[PDB]
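> Would you mind keeping the following structure in view while I ask a few things?
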Amino acid sequence: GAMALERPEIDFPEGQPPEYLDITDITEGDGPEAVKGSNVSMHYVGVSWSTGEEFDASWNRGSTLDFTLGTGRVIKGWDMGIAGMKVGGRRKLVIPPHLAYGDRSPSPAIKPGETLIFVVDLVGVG
């Protein structure tokens, strides 16, 4: 519950994290930053791996994702990506297959041979 593994704490006997979640913060706008207990509202869009460059995100459902961050909330890196995001700012996130893609992995490690880039924008907090 205290996040021995990244955030989730599953798969392994807990405490064995991949950490492949790649964070790159790109601008910060409105004021607050989504981090633990803070209501989250944001969107991503993924590039490459499927068709070469920007095509669609997991987060890209048309609607902004609204959920409260808070430690073990989601997979091994979604809590990581949001935790730090600032409302009205952007981030470049690289999606791991031992984390964000599926934690099941299609390729050797879909990300390097491929290129899974999910560009994110925080647009609101609680």
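We label chains A, B, ... in the order they appear in the structure tokens, count residues from 1 in each chain, and number ligands from 1 in the order shown.
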Residues within 9 Å of residue 87 of chain A, please, as a list in words. Count only C-alpha atoms; anything in the same chain fewer than 6 positions from it doesn't count.
residues 28, 29, 30, 31, 32, 33, 34, 40, 41, 42, 121, 122, 123, 124 and 125 of chain A
> Mind checking which residues fall within 12 Å of residue 53 of chain A, counting only C-alpha atoms, ignoring those fewer than 4 positions away in the same chain, and posting them as a list in words?
residues 45, 46, 47, 48, 49, 57, 114, 115, 116, 117, 118 and 119 of chain A
> Would you put the residues from that selection into a file with N, CA, C and O atoms, as a PDB file, in the first residue's frame?

ATOM      1  N   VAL A  45      -1.567  11.684 -26.111  1.00  0.00           N
ATOM      2  CA  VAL A  45      -1.700  11.183 -27.473  1.00  0.00           C
ATOM      3  C   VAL A  45      -0.403  10.483 -27.869  1.00  0.00           C
ATOM      4  O   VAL A  45       0.680  11.060 -27.767  1.00  0.00           O
ATOM      5  N   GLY A  46      -0.523   9.230 -28.288  1.00  0.00           N
ATOM      6  CA  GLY A  46       0.642   8.407 -28.532  1.00  0.00           C
ATOM      7  C   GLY A  46       1.151   8.493 -29.951  1.00  0.00           C
ATOM      8  O   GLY A  46       0.382   8.727 -30.889  1.00  0.00           O
ATOM      9  N   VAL A  47       2.457   8.319 -30.098  1.00  0.00           N
ATOM     10  CA  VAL A  47       3.087   8.303 -31.394  1.00  0.00           C
ATOM     11  C   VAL A  47       3.782   6.982 -31.637  1.00  0.00           C
ATOM     12  O   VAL A  47       4.137   6.264 -30.690  1.00  0.00           O
ATOM     13  N   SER A  48       3.993   6.727 -32.922  1.00  0.00           N
ATOM     14  CA  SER A  48       4.774   5.603 -33.418  1.00  0.00           C
ATOM     15  C   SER A  48       4.326   4.283 -32.827  1.00  0.00           C
ATOM     16  O   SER A  48       3.223   4.170 -32.306  1.00  0.00           O
ATOM     17  N   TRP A  49       5.181   3.286 -32.979  1.00  0.00           N
ATOM     18  CA  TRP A  49       4.931   1.919 -32.562  1.00  0.00           C
ATOM     19  C   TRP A  49       3.794   1.279 -33.376  1.00  0.00           C
ATOM     20  O   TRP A  49       3.955   0.182 -33.909  1.00  0.00           O
ATOM     21  N   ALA A  57      -3.834   8.168 -28.376  1.00  0.00           N
ATOM     22  CA  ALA A  57      -3.397   7.774 -27.046  1.00  0.00           C
ATOM     23  C   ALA A  57      -4.332   6.754 -26.437  1.00  0.00           C
ATOM     24  O   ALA A  57      -5.438   6.536 -26.919  1.00  0.00           O
ATOM     25  N   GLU A 114      10.630  -0.017 -31.292  1.00  0.00           N
ATOM     26  CA  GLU A 114       9.511   0.845 -31.605  1.00  0.00           C
ATOM     27  C   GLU A 114       9.782   2.226 -31.029  1.00  0.00           C
ATOM     28  O   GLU A 114      10.927   2.566 -30.749  1.00  0.00           O
ATOM     29  N   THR A 115       8.744   3.026 -30.866  1.00  0.00           N
ATOM     30  CA  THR A 115       8.880   4.326 -30.220  1.00  0.00           C
ATOM     31  C   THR A 115       7.524   4.780 -29.687  1.00  0.00           C
ATOM     32  O   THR A 115       6.740   5.378 -30.407  1.00  0.00           O
ATOM     33  N   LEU A 116       7.244   4.480 -28.435  1.00  0.00           N
ATOM     34  CA  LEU A 116       5.925   4.752 -27.869  1.00  0.00           C
ATOM     35  C   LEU A 116       5.913   6.084 -27.142  1.00  0.00           C
ATOM     36  O   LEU A 116       6.258   6.146 -25.959  1.00  0.00           O
ATOM     37  N   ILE A 117       5.516   7.154 -27.826  1.00  0.00           N
ATOM     38  CA  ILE A 117       5.575   8.473 -27.205  1.00  0.00           C
ATOM     39  C   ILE A 117       4.195   9.049 -26.996  1.00  0.00           C
ATOM     40  O   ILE A 117       3.500   9.367 -27.943  1.00  0.00           O
ATOM     41  N   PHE A 118       3.805   9.204 -25.753  1.00  0.00           N
ATOM     42  CA  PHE A 118       2.492   9.720 -25.450  1.00  0.00           C
ATOM     43  C   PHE A 118       2.613  11.114 -24.868  1.00  0.00           C
ATOM     44  O   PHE A 118       3.008  11.295 -23.719  1.00  0.00           O
ATOM     45  N   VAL A 119       2.313  12.098 -25.699  1.00  0.00           N
ATOM     46  CA  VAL A 119       2.415  13.494 -25.312  1.00  0.00           C
ATOM     47  C   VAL A 119       1.193  13.918 -24.524  1.00  0.00           C
ATOM     48  O   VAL A 119       0.056  13.707 -24.943  1.00  0.00           O
TER      49      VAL A 119
END
> What's the 8 Å shell around residue 27 of chain A, counting only C-alpha atoms, without same-chain residues fewer than 5 positions away, as a list in words?
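The residues satisfying every condition are residues 88, 89, 90 and 91 of chain A.
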> Name the residues of chain A that fall into strand (DSSP E or B) according to DSSP on the backbone, using the chain letters and numbers of this document, as a ChimeraX atom specification.
/A:22-26,33,39-47,65-68,86,89-94,117-125
> Using only C-alpha atoms, which of A:16, A:68, A:107, A:60 sits nearest residue 44 of chain A?
A:60
